[PDB]
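Below you'll find only one chain, the form deposited in one PDB entry, shown as structure tokens.
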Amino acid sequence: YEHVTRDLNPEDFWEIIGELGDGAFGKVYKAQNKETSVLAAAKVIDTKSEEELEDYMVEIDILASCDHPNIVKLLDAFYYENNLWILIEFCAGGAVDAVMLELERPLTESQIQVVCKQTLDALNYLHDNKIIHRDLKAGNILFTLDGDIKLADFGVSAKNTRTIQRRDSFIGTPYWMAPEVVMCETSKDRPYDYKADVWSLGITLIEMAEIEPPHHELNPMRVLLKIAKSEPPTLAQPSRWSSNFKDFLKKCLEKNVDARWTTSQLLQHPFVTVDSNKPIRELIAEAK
């Protein structure tokens, strides 16, 4: 594959130092490059077969093809002895949700504004490049040593670039072509499907304000129904938060998809008019 190395042992290049996490696709390791000492998160995924490699390729391609300050970069990928190894630039601060559980408190508003401003830069880049993240949450937002964030986990992301390029491809005179296809207003080019990330952004903000996401107290079987039935969630103790926080949430957490703001529109919102990460440097300093 374009970005996956064959026939070489990943541990002749990368040394495992310890375990970072552990989830549904196995354990994630802290790796260190044996030549350069560069640190990595190493995902090691058991594959029963080779056809399974196709299930992980969109993620690899997104990581390898993205070049943004607030998206994690691909350092290496190996297929060796029935495992896919994915090495990702290391974010020394860990995930936002892991910090809140360690400090046993939510983020402050000024801290949320920084994460939000940078997270939004990442999403805007993704959407501009026809990528939908599809699993935005506090656990997939990582803190760097310098108090910045990077967005991670493209395991269920969609990349519409090849399908856009394929569908625009025609030959001969297209007398029969629908005007929305003529006008490049097919679903691949309209905001509609990308706006699902905007809603998840809103939920992540409440998750950062309150440690846990809305409906965390329900039987998990009820959560999808609850989202369907309910008005959009709001902050539980609204006096604690600014009008700008509350107003930003309402542009995100809007069930009418046409009325929900794009990442482009949200970048002009005063809640993200910040340019210093000092509140996050203070937070990650207390966690270190």
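Don't overthink the numbering: it's just position in the shown sequence, from 1. Between two forms, the rigid core is defined as the largest C-alpha subset superposing within 1.5 Å. Shifts are known only where both forms have a C-alpha.
- When the other compared entries with both flanking residues are checked, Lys73 is modelled in all of them, not unmodelled in a third.
- Of the other entries compared for this protein that flank it with modelled residues, all give atoms for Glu210, so not even a third lack it.
The same protein also has a form deposited in another entry, omitted here; what follows describes it.
- Once the rigid core is overlaid between this form and the one not shown, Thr47 counts among the residues whose Cα shifts by 2 Å or more.
- The Cα position of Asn83 differs by 2 Å or more between this form and the one not shown after fitting on the rigid core.
- Core-superposed comparison between this form and the one not shown: CA of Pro270 displaced by less than 2 Å.
- Between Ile203 and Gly26, the C-alpha separation shrinks by 3 Å or more in the other entry, relative to the conformation displayed.
- In the other entry, the Cα positions of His133 and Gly23 lie at least 3 Å farther from each other than in the form displayed.
- Comparing the forms between this form and the one not shown on their core, residues 1 to 9, 21 to 26, 43 to 53, 78 to 85, 154 to 159, 173 to 185, 190 to 192 form runs of at least three in a row where every Cα shifts 2 Å or more.
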